[PDB]
Ligand SMILES: COC(=O)[C@H](C[C@H](Cc1ccccc1)NC(=O)c1csc([C@@H](C[C@H](C(C)C)N(C)C(=O)[C@@H](NC(=O)[C@H]2CCCCN2C)C(C)C)OC(C)=O)n1)NC(=O)OCc1ccccc1
Ligand SMILES: Nc1nc2c(ncn2[C@@H]2O[C@H](COP(=O)(O)OP(=O)(O)OP(=O)(O)O)[C@@H](O)[C@H]2O)c(=O)[nH]1
Ligand SMILES: Nc1ncnc2c1ncn2[C@@H]1O[C@H](COP(=O)(O)OP(=O)(O)CP(=O)(O)O)[C@@H](O)[C@H]1O
Ligand SMILES: Nc1nc2c(ncn2[C@@H]2O[C@H](COP(=O)(O)OP(=O)(O)O)[C@@H](O)[C@H]2O)c(=O)[nH]1
Ligand SMILES: [Ca+2]
Ligand SMILES: [Mg+2]
Ligand SMILES: [Mg+2]
Ligand SMILES: [Mg+2]
């Protein structure tokens, strides 16, 4: 048993962290006070759920997590929330003045004042670990803390834990819920700075999640409560292999081995089905063929893009519920003859499948209906580079006039950091095209 | 087509299905960058206070 | 929390500042004694932004009242909410500024500024995390104009890392016949370009034309003009006063609204326009609030938005309405008027919806726009300034206080550079 | 009001479509880089499909199908016919072709294997490479030509026995205009053109490229008898159907159009799963130009597909209104019998 420490940075990372830990508790049968009746080894154990939860002598199952935000407001709702008894005060860290949606404030001015305190609190979790595997970092690309403080922390984690893997769950910006005009700048600055320090990153386009909530759950104007509940189901599908018995993706290194052949092209596309409305009284329970085929629909993707106009490097299917291998092979056979699925010549055309018999857990008073089977496909497709092209173009439009750049320079940043970051994104787009196109 | 590495257990099962085969910076460097930014902020503020003093 | 310190200078500053406190105190359920008697906890969630707590759950505005004349501050004590202000926060002199910027900034104002700064230090010390300052004043008079800009500069020297926000009332001959107001206003705009982060341009030309043409008030009073100002001030500060996601603090507002440092003068707007005392029985639909708030007739700055381009915009809807319908109508405005929004700043319009409506209205919308059409306002002041300055007329009032002609020439040049800078970005394209 | 951007100023067809849309009083043309558009008349190469479909509250449509280049590039069309199990070697309508790369993956070895079969077989053996064209029976001449050109070419079997129009004994090519809407309905424009040679077909000397290549550009420059038989070397379907009726006792419908409609459907249905925008965040439509040859036994062969086709001067008015009606106004309806034949498919 090897431990995994989750780190939630900024409002987006913190609120998504709440939805995840609440869901992990319901899945593992841990009560809001941390008591897990089904756990018979009190005070310890090396069970699968122990990769994410430590244990006190009093039987409390405590998340291996650190919440950090340069503002008190969001973490204060964790300190007083329904799972307040689940975390030690030392795991919840706040400042007084936030990064004001400015990467430079989060990385340099405000961030520098709290970085040592955060690494100290992370080291206290690391010292309770008999064999620390690495970290899972949740943050937004758009926020000043989420973009600037995360990239600072990722650099310091590479220095303090060189042989430890670092995964990301990054919230890619969407104007339907964005709160800053400079989000493209923060996104390109953090992507450039964190690129060498992250082993695997799962981007979540808020636009894609927002449209899934409107279309599939019939929610007029989704809120972060609506988005985060859907996001937590996809995060739970990905971490299920670390928290439950199995053979596929049992440790963090397996994620880069299975999903990342080229180190820079480390952004797998997650697709999740079925997403069904709780309000819907009668719903036809979908088959394995129906839910697997939906993994090849841009409408069910976390980042809206077209994988037919790109190439695959690694595909991987994660099922939950009433699924047998015979059903998955039959579905894959019928899909190959219908969909356009091309792999890069240096990779085998194939899927790594994992099945968990427990169907997805749904938080009571939620928007998602209970389903007999669900799947999360993780595919390293070069079509996710469409997300970079869109963000790089918005960066280009503003940077041409140097609009808002004075806010960054005023915090100690140089104009050269912007062009240095953009050249790295231009290199990254070129890497994706070299791999995925022929003309 | 070919199903390999099947592993069964109580929680579930996993396997691989193949359709076709194939054809960092130091701590000092971090602090140097961070303090170069703090010095530029300090220089900018000293110039402002020099200006307001005039 | 993130505390704001409010300062109000001169007649205009103290009049609109007093109406601001009456309006927001009612919204936050705080009576003239300073006691809470409201029905919602949203009223008290972010109360320490503008109010200090005290013995027996008493809320005291974090306001500082300044004037070189006792007059208007005696009227504020005598006013309805006058009893709510901290008595030690009334700083005033005896000889005025006689609508002379040099008197407020260099001679009379220089004596009283240190007393005001002592009150500012006392209010700033007791702040958990001071976000910045907000000044209410006019630019045509002497105290608000001259002393207000001296205070802004002296405060920036002690708090250089804090946001400076102002509500600046721009002069108009339709409201005032004081011949030297263009000089006082040009001298103050020069100060504001260099020392404020956000300035709401409250134009007396626009407020008068709204009162006369739209509200059909043949003889508008200052109370009628200030009724539009307090409605606008309530609307533009809603995001700071209630729980919400967008522009919740002065710094996040500046980061979203100000793309170039000197281009920080905003065109405020409000829908529905209401007459003082007049009851509005039919509520506006969401498409109506949206059309009206972007209409030239609803702007508190006498500029035509169709004569310039929007660098950035912030829309604040208040009341119980469909969040889906405001999203649809805000996209509808931007998509059917895309020429008027700079293509080189993607997604430059941000919208916030607050459930609590203002007093008297079931639904309202406040607009804050950083448009290049604001140059029309600075061109108007600049033409008035050049007409007199060209013949050195009335300058003895200022040179008599120690000033030289070169300050006027430099103030004149800095505003003409501001206009040409706004024109530069109006004519700029994505290629 | 609907909004649109124009990013290909050289497109004669879409220059008329923009002209038509503004003339309706319900469309507005924005500056080319304004992202708040409903319709994009995009650039010919490097069209930003990654940026389409991400603007809330706007249905976005584009005048190109992403991935249609597979059908419209010459080397790609050969690889698509050969490697697609749908088209297969049950493809009796595409001339024998091989993708040849200059000596600087490649099917150069298999070209020489099939060429030496025709040499000892005593059968006809003239071929054609990809102005910038060479027709010859010597494999050495053709291969040495492609090495000197430097670019990737295709060696196609030249139709040695083409159908020749009389009087004049002339070769020709048929241009068909096909419009595929956002719902993948295939529309064949009832009007087509015969791009005819103005000189008689000389079976002996191939270096005189004017009687062998029926392109409009080479005819107006190197033709000696240009416009003598028909205006602009363009004979339209009313006349061509009459010629077939009088000389061959058949109709243009029976002898040729059934084959053309079969080829158009086969080609576009094959690529549908790759390019269809049925469930995409943005919708596509496209005008195609299929070029055909008719052999002496009234059999239709496919020469190529053009992704950015130009129309005949006489027909721009009618076709361009059909593009507006069928492909644009079907997605963006205006306020307050058909020039196309819907090629049925399921
Ligand atoms: C019991 O009174 C009240 O309830 C009101 C008290 C407020 C208090 C206050 C607020 C803000 C500042 C000072 C005081 N008083 C007013 O609202 C008020 C006082 S004077 C005034 C005046 C303002 C006018 C402009 C256009 C807004 N104004 C200066 C004029 O109308 C004057 N004319 C000009 O200046 C013209 C002359 C020709 C060339 C061009 N010029 C611009 C005019 C007074 C000579 O408005 C009025 C209408 O007086 N507002 N209200 C109160 O006391 O109102 C005063 C009043 C109104 C009607 C009748 C008698 C008195
Ligand atoms: N899905 C989701 N996105 C969120 C959430 N909160 C914020 N975001 C998005 O994150 C971006 C802004 O980043 P924030 O997390 O709010 O900012 P921050 O990390 O706290 O940084 P500062 O406030 O600038 O110090 C925007 O794109 C928001 O839409 C959330 O709970 N869920
Ligand atoms: N295999 C073949 N047999 C007989 N004639 C042929 C042939 N290939 C080409 N031709 C003749 O040469 C002309 C040009 O061929 P092709 O159409 O490939 O060139 P092109 O693509 O440069 C012009 P366009 O795209 O406008 O049709 C044809 O119109 C046809 O007349
Ligand atoms: N809108 C408005 N304008 C005012 C008010 N009082 C004065 N003004 C304007 O302010 C200018 C004169 O400045 P004033 O504030 O009276 O001088 P000060 O006391 O020396 O600051 C002129 O343009 C007046 O029209 C008021 O209450 N409301
Ligand atoms: Ca245990
Ligand atoms: Mg924050
Ligand atoms: Mg006065
Ligand atoms: Mg061609």
### Message
Given a Förster distance of 35 Å, report the FRET efficiency between residue D:220 and residue A:429 from their Cβ-Cβ distance, rounded to the nearest 0.05.
### Response
0.20
### Message
Just to confirm my numbers, what's the Cα centroid distance between the stretch D:322-339 and the stretch A:223-242 in Å?
### Response
44
## Note on the structure
GNM of chain C, Cα pairs under 10 angstrom: of C:304, C:67, C:161, the biggest fluctuation goes to C:161
### Query
Distance from the Cα centre of the stretch C:269-312 to that of the stretch C:22-45, in angstrom?
27
### Query
Can you sort C:105, D:182 so the residue with the fewest Cβ neighbours within 10 Å comes first?
D:182, C:105
### Query
For a paramagnetic label modelled at 7 Å from the Cα of residue C:410 toward its Cβ, which residues of the stretch C:182-211 fall within the zone defined by backbone nitrogen distances under 16 Å?
C:186-195
### Query
When the helix-only estimate is applied to chain D (DSSP H runs of n ≥ 4, each -39,500 (n - 2.57), divided by the residue count), what is the mean residue ellipticity at 222 nm, nearest 500 deg cm²/dmol?
-7500 deg cm²/dmol
#### Entry: Whether the stretch C:1-259 is rounded, prolate or oblate, judged on the alpha carbon gyration tensor where a/c under 1.5 counts as rounded
rounded
### Query
In percent, how large is the relative contact order of chain C, given Cα pairs closer than 8 Å and 6 or more residues apart?
15
### Query
What spacing in nm lies between the two simple spin-label points modelled at residue B:31 and residue A:340, each 7 Å away from Cα in the Cβ direction?
5.5
### Query
Share of antiparallel DSSP beta bridges in the stretch C:260-373, in percent to the nearest 5?
70
### Message
Counting only other chains, and only Cβ atoms inside 10 Å, what mean value do you get across the residues of D:276-283?
### Response
3
### Gaussian network model of chain A, Cα within-10 Å springs - most flexible of A:282, A:408, A:172
A:282
### Query
Most exposed first by the Cβ proxy, i.e. fewest other Cβ within 10 Å, how do C:176, A:48 rank?
C:176, A:48
## Note on the structure
Most exposed first, judged by fewest Cβ atoms within 10 angstrom, D:155, A:276 run A:276, D:155
### Task
Could you tell me whether the stretch A:49-114 comes out rounded, prolate or oblate from its Cα gyration tensor? Rule is a ≥ b ≥ c as square roots of the eigenvalues, rounded for a/c under 1.5, then prolate if a/b exceeds b/c, otherwise oblate.
prolate
### Task
Divide by every residue of chain C the summed helix terms, -39500 (n - 2.57) for each DSSP H run of at least 4, and state the resulting mean residue ellipticity at 222 nm, rounded to the nearest 500 deg cm²/dmol.
-12500 deg cm²/dmol
#### Entry: the stretch C:145-217-the stretch D:1-38 distance, computed between alpha-carbon centres (Å)
44
### Summary
As a percent rounded to 5, the proportion of antiparallel DSSP bridges among beta bridges in chain A is 40
### Query
So which residue, out of A:34, A:146, A:81, gets the largest mean-square fluctuation from a GNM of chain A using Cα contacts under 10 Å as springs?
A:81
### Message
How would chain B be classified by its alpha-carbon gyration tensor: rounded, prolate or oblate, with rounded meaning a/c under 1.5 and the a/b versus b/c comparison settling the rest?
### Response
prolate
### Message
Out of all DSSP beta bridges in the protein assembly as shown, what portion is antiparallel? Express it as a percent rounded to 5.
### Response
55
### Task
At 7 Å along the Cα-to-beta-carbon direction for both residue A:324 and residue B:42, put a label point, then send me their distance in nm to one decimal.
7.2
### Query
In nm, to one decimal, how far is the modelled label at residue C:278 from the one at residue D:345, with both set 7 Å along Cα→Cβ?
6.4
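All Cβ positions, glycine included, derive from the backbone under ideal geometry; neighbour counts span all protein chains shown. Each reported figure results from applying straightforward, stated rules to the coordinates on display, with no laboratory input.
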